[PDB]
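Those protein sequences? They're chains A and B, same order as listed.
Residues in the first sequence are numbered from 3 upward in steps of one, following the entry's author numbering.
Residues in the second sequence are numbered from 2 upward in steps of one, following the entry's author numbering.
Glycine included, C-beta positions come from ideal geometry on N, C-alpha and C.
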Amino acid sequence: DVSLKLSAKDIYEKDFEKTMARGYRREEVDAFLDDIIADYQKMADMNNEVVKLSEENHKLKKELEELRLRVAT
Amino acid sequence: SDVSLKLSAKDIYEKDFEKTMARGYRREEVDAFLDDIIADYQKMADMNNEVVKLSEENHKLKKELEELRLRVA
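Shown next as structure tokens:
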């Protein structure tokens with residue numbers, strides 16, 4: 003819900019099918035993806051932090067639920 | 002700190018590639034790929050707020066967990 007679907011490496015490993023005519027200019031698409039890649043790289047740390055906090059959030063909530071059940075023995 | 006990016010979700014949405022009569026990239030495949038990237042940029046816009054939200058709730062959850070571990074083995 004909150005973390006990125008794609009990573010920098012998904013973007014810079016991506017290639018597209020080629021068409022004989024009326025496709026998009028390759029130099030223009032590649033230059034645009036150059037900047038997109040740079041943005042994903044810049045976001046990597048913050049996205050790693052949101053994933054780590056999310057998984058730890060889930061683990062804390064689960065242990066809290068388990069222990070609250072234990073004290074209600 | 003907040004992260005300054007080259008592009009926004011709006012920039013990617015508004016990007017119009019030239020259609021070339023030479024060998025080029027398949028339009029529908031490029032467009033579908035950019036659709037996924039748009040969604041990620043939406044997530045980037047909100048991500049720092051979500052890190053703050055997760056960090057604060059996690060600190061609260063950790064304090065409640067420590068208290069429960071004084072009460073249950």
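| task | Indicate whether at least one CB of chain B lies closer than 8 Å to the CB of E58(A). | result | yes
| query | Going by the CB atoms, is the gap between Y42(A) and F18(B) shorter than 8 Å? | reply | no
| request: Look at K16(B) and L62(A) and say whether their C-beta atoms are less than 8 Å apart. | output: no
| Segment limits, alpha helix (DSSP H) that includes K20(B) | No alpha helix (DSSP H) holds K20(B); DSSP gives it neither H nor E.
| How would you list, in chain order, the residues of chain B whose beta-carbon sits under 7 Å from the beta-carbon of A40(A)? | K7
| query | Counting along the chain, where does the alpha helix (DSSP H) carrying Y42(A) start and finish? | reply | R28 to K44
| query | Nearest-angstrom Cα distance between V53(B) and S5(A)? | reply | 14 Å
| query | Looking at C-alpha atoms only, which residue of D47(A), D32(A), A23(A) and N50(A) is the closest neighbour of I13(A)? | reply | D32(A)
| field | For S9(B), the nearest candidate out of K11(A), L71(A), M45(A) and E67(A) (CA to CA) | value | Answer by Cα proximity: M45(A).
| Cutoff 6 Å; reference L35(B); Cβ partners in own chain excluding five residues on either side | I13
| message | Would you say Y14(A) lies against chain B (beta-carbon separation less than 8 Å)? | response | no
| query | Can you list, in chain order, the residues of the segment 21 to 45 of chain A whose Cβ is nearer than 7 Å to any Cβ on chain B? | reply | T21, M22, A23, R24, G25, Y26, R27, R28, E30, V31, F34, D37, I38, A40, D41, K44 and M45
| query | Taking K7(A) as the reference, which of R70(A), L66(A), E57(A) and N49(A) has the closest Cα? | reply | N49(A)
| said: Between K64(B) and chain A, is the shortest Cβ-Cβ distance under 8 Å, so that the two count as touching? | reply: Residue-level contact by beta carbon fails for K64(B) and chain A, as no gap is shorter than 8 Å.
| message | Give me the DSSP bridge partner(s) of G25(B). | response | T21(A)
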